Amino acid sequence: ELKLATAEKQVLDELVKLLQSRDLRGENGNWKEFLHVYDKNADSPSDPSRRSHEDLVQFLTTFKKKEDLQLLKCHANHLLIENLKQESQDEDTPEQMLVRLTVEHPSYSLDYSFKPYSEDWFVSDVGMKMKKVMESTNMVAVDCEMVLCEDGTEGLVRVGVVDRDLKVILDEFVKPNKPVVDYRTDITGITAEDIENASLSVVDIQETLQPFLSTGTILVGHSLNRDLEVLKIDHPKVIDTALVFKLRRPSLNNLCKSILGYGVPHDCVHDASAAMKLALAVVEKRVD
C-alpha cells in the first residue's frame, strides 16, 4: 500500500497527471472514471490542482499492484531530485551540497538509471514524505562485495552499512539464490564461508534499510550504483564519492591517500567507513 499522508501537493498532482496520461486502471480504473463515480457534480474540474490531497489520495489509493506503485514512487523520487536542483546554492547545506553535486554531475543520469524494475526491486518512497523529511541531512554509507554469478549477472555476497560516526550497522554475508561461477578472490571470502551463513538475503536487507530510507537517509558510497544495483534498491538521495571530488573517475584508495593516509583484498565495511569518512571530511572541513 501507499502512504500519502504528508506528501506534498505538487508531487501528488504530478502523480495523478501521469496516471491520467498513461490511462491506468485501478480499483475504479481511470482518473475521470474515478472522478465521475466518486463525484456526483458535473461541476468538478479535472485538473488535479483541485485542492485537497484527499481529493488526490483517494484516487491514488485505487492502485494496488506493484508495477503502478513502483511507477509512482519512481516519479516522486525523480520529482524530488528535480526540486533539489531548482533551489539555489546560497544557503544550501553541506550534505545537500554533496547530493546536489552527485546528481548534477552528467554521469549520473545514465549510471543511476535502474529501470526496468524486476519487481524484485525496491523503490524508496521518500518521494512522498513532507519536505522537512525530504531535506533530511543524515547519512549512512553502504558498500558491497559481489561475485560474478553463473548468470553473468553479478551477485551479492557481503554487505556493510556504516553510520555517520563509523559505528557499524549491517555487516553480513549473503548467499545468492542462483549459484556462482567466479568468486573473484582475492577480494572475497570463499563459497564454503557463505552457504553455512545462508541466513541473509537481499529482500532482508531491503527490509532492513527501508525505515532509514523513508526517514530520508542520504546514502553515501563510491560508485554507489553498482551497490544499489546488486541490492535492488532505487533511492534518490545519494552521495557518490567518485562523482563529487578530467572525465575519469577516481579510485577509493587514492582519494583517501589523497585525503589522508590509507593491492589487498577488499572490505566493504572498511570501504563504507572510508567513503563515509570522506563525506564527513568535506562536510565539517571544507575541501577541493
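Residues carry their position along the shown sequence, with the first being 1.
Gap check for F245 to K246: 4 to 9 deposited residues are absent from the model. Where coordinates are absent for parts of the deposited sequence, a chain break appears; between neighbours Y38 and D39 there is no such break. A summary of the deposited B-factors shows that, of 222-230 and 247-255, the stretch with the larger mean C-alpha value is 247-255. Higher mean CA B-factor, judged across 77-85 and 191-199 from the recorded values: 191-199. When the CA B factors of the chain's modelled residues are split into thirds, the value for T153 lands in the highest one. When the modelled residues of the chain are ordered by their C-alpha B factor, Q70 lands in the lowest third. Among the modelled residues of its chain, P179 has a C-alpha B-factor that falls in the highest third according to the deposited record. In the PDB entry, a CA B factor belonging to the highest third of its chain's modelled residues is recorded for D186. When the CA B factors of the chain's modelled residues are split into thirds, the value for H235 lands in the lowest one.
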